[PDB]
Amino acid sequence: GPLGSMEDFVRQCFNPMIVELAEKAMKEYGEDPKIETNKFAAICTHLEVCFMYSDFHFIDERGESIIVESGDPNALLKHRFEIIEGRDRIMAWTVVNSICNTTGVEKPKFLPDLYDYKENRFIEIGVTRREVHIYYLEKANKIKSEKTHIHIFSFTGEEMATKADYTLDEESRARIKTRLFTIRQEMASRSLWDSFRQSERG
């Protein structure tokens, strides 16, 4: 088929909010979305996964965890996850330090992606175009902590998580996997997938 542009793909297939947050993150770290386009798409994909991981998960009146998949969460409910990824540097650390000083959970030395109020731990989300075990070890090596929980997804449906503790039910994780499959399939239709896959480094 005709070769599409990654710019077009990102703008067509991600919510404008996600795209805007990704552009802002790249600007902050000194890279141009129109030049490092595979990186741009990876940032959007990862941000979306972070959002999808948190979506629909609340804590109820009794203080335990439930899923409300409809946009009418009753007002006594609190979000189960705090989302860190997508915030600018200052705000991200502001949220992390808050959680930490408040819970006694010690401060991570690198920004994690989420905080889980049910399991009382930070989470690092990975999304990899390579094998999940190799990417898990890479993430883990920036952590000598042992406290930040790691959850890796690949575009082929494999996952790896710290202590084989997957945190979420099968259906929630399946939503994420389905979305990654869709992203892969659409990129492939535009002849962008091979390059995007091959461009991952570590």
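Numbers follow the displayed sequence, beginning with 1.
| field | Stretch with the greater mean C-alpha B-factor as recorded in the entry, comparing 24-32 against 172-180 | value | According to the entry, 24-32 carries the higher average C-alpha B-factor.
| Comparing 57-65 with 36-44, where is the mean C-alpha B-factor higher? | It is 57-65 that shows the higher mean C-alpha B-factor.
| request: Going by the CA temperature factor in the entry, name the top one among 154, 162, 167, 145. | output: So the option with the highest C-alpha B-factor is 145.
| Whose CA atom has the top B-factor in the entry, of 124, 106, 85, 82? | That would be 106.
| If you rank every modelled residue in this chain by C-alpha B factor, which third holds residue 114: lowest, middle or highest? | It falls in the bottom third of the chain.
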